Amino acid sequence: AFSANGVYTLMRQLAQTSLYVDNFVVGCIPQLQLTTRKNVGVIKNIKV
Amino acid sequence: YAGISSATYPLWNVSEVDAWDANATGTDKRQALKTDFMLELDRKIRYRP
Amino acid sequence: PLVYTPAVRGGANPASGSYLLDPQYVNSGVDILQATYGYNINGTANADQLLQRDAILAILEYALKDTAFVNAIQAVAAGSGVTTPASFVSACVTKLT
Amino acid sequence: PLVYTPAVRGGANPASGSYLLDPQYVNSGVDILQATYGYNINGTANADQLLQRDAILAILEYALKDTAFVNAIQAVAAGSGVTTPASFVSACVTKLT
Amino acid sequence: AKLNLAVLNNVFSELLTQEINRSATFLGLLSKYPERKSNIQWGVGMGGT
């Protein structure tokens, strides 16, 4: 998996059958983290 | 968001300013960006250093 | 019926096999539980064992964390015929039927 | 009155307080738990929570491994109104009275 | 039936978060001095002439 813009994504070309098909796929597996909830401030719903 | 819940341990909460007044008019109350929301939010950030 | 989904937020059906439990605070907030949960290790689940895995996770995510459930299981351990703690778990089955 | 000891053989009262459970096999022996149990983390156990810690460990060791208790908690999860499992514990706590 | 789901070790990351306001601001500006006597004595001069 290459790291296009820091996100590690596989390519994994699928299995061919008929000499001109070339099925590809692409995908990654993410997660987000918010250590230290002290710094965070929100204003909930202002107008629009 | 983790094992820690904001009910048991209140040191795991954000500073929030809810701009939805409980009794103003009826039908989308929605207080609209008073300039002192941002320094009533800044007071809460100053406590948790 | 019963419509339980696994209560951890992003780890419902892990491919690694180890469903890791979120830490509870079981003893009215003075302790911690901090378990895991492996999946199928002696075959597969034959459509009864999905429903029993559906109910073991419910009594372990939500019930021990609760403060009113533990006061009922506290009073069962004060009964007149509850010693040798394998008759404790057969005393509550007669209460659950 | 329940006369209960920690069921692991040599690890009754540990030094750190991280009482590590031995793994019991649940769901008619198809999957594993591998839990722990941290002791006093938000105070002490104030002479009443020694009786609730007495019964959480009893329902975690001698109950989920037993094959009649897991069918007793299965039949509660097949009734009417037992959905959204925060109410599954409420229909189980009123049956234990 | 994986051959290594049962034997796994949960390892943490080297990341600890402080959530307590242990700040000493007013103690930070007081000109700390090493007194070794039994009580501090000075003189306050009133009037009367």
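Here the Cβ positions follow ideal geometry from the backbone for every residue, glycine too, while neighbour counts run over all protein chains shown. Every number here is computed from the coordinates shown, using simple stated rules; none is lab data.
Distance between the modelled labels on D:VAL3 and E:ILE40, one decimal in nanometres: 6.5 nm (7 Å Cα→Cβ projection). Here the residues C:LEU96, E:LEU15, ranked from fewest to most Cβ neighbours within 10 Å of their Cβ, fall in the order E:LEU15, C:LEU96. For helix D:49-61, report the angle its Cα long axis makes with the longest principal axis of the Cα atoms of chain D; keep it between 0 and 90° and round to the nearest 10°. Helix D:49-61 sits roughly 60 degrees off the main axis of chain D.
Of the residues E:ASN21, E:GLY45, E:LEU5, the one whose Cα sits farthest toward the positive end of the charge dipole of chain E, with +1 on the Cβ of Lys and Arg and -1 on the Cβ of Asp and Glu, is E:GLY45.
Contact order for chain A, expressed relative to its length and based on alpha carbon pairs under 8 Å spaced 6+ residues apart, stands at 26 percent.
Counting only residues at least eight positions apart within a chain, or on another chain, the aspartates and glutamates with an alpha carbon under 20 Å from that of B:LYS44 are B:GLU16, B:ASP18, B:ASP21, B:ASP36, E:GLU19. Would you work out if the protein assembly as shown is rounded, prolate or oblate? Take a ≥ b ≥ c from the square roots of the eigenvalues of the alpha-carbon gyration tensor; rounded if a/c is under 1.5, else prolate when a/b is larger than b/c, oblate otherwise. Oblate shape, in that a/c is at least 1.5 and b/c is the bigger or equal ratio.
Classification of the stretch D:1-56 by its C-alpha gyration tensor yields a prolate form. The axis ratio a/c (a ≥ b ≥ c) is 1.5 or more, and a/b outweighs b/c. Take D:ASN46, push a point 7 Å out from Cα through the beta-carbon direction, and compare it with the same point in every other copy: 5.0 nm, smallest first.
Placing unit charges on C-beta atoms (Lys and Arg positive, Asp and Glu negative, everything else neutral), compute the dipole magnitude of chain B about its Cα centre in debye, rounded to 20. Intermediate results must be reported in sequence, preceding the final value.
Details: 7 positive and 7 negative charges, 32 e Å.
I would put it at about 160 debye.
Of all chain D residues, the one whose Cβ lies closest to the rotation axis that maps D onto C, given with that distance rounded to whole Å, is D:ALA35, 2. Projecting 7 Å from Cα along the Cα-to-Cβ direction, the label point of D:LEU20 sits 1.7 nm from its equivalents in the other copies, listed shortest first. Relative to the current alpha-carbon distance between B:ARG30 and B:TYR9, full extension at 0.36 nm per residue lengthens the span by 4.6 nm. Projecting 7 Å from Cα along the Cα-to-Cβ direction, the label point of C:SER80 sits 3.6 nm from its equivalents in the other copies, listed shortest first.
Could you state the per residue volume, in Å³, of the convex hull enclosing the Cα atoms of chain B?
119
Computed per residue of the protein assembly as shown from DSSP H runs no shorter than four, each worth -39500 (n - 2.57), the mean residue ellipticity at 222 nm is -5000 deg cm²/dmol.
Of the residues C:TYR25, C:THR84, D:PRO1, the one whose Cα sits farthest toward the positive end of the charge dipole of the protein assembly as shown, with +1 on the Cβ of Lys and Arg and -1 on the Cβ of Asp and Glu, is C:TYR25. Relative contact order of the stretch D:26-97, taken over Cα pairs closer than 8 Å and 6 or more residues apart, is 31 percent. Peptide packing: for C:62-72, C:11-21, A:15-25, the average count of neighbouring Cβ atoms within 10 Å per residue gives the ranking C:62-72, C:11-21, A:15-25, highest mean first.
Mind checking the alpha-carbon convex hull of chain C and giving the volume per residue in Å³? Mind dumping the intermediate values first?
Values: hull volume 14.1 nm³, N = 97.
Residue-normalised Cα hull volume stands at 145 Å³.
Its Cα centre serving as origin, chain C has a Cβ charge dipole (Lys and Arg +1, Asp and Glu -1) of approximately 60 debye. In chain B, taking the dipole from charged Cβ atoms about the Cα centre, the farthest positive-side position among B:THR27, B:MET38, B:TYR9 is held by B:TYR9.
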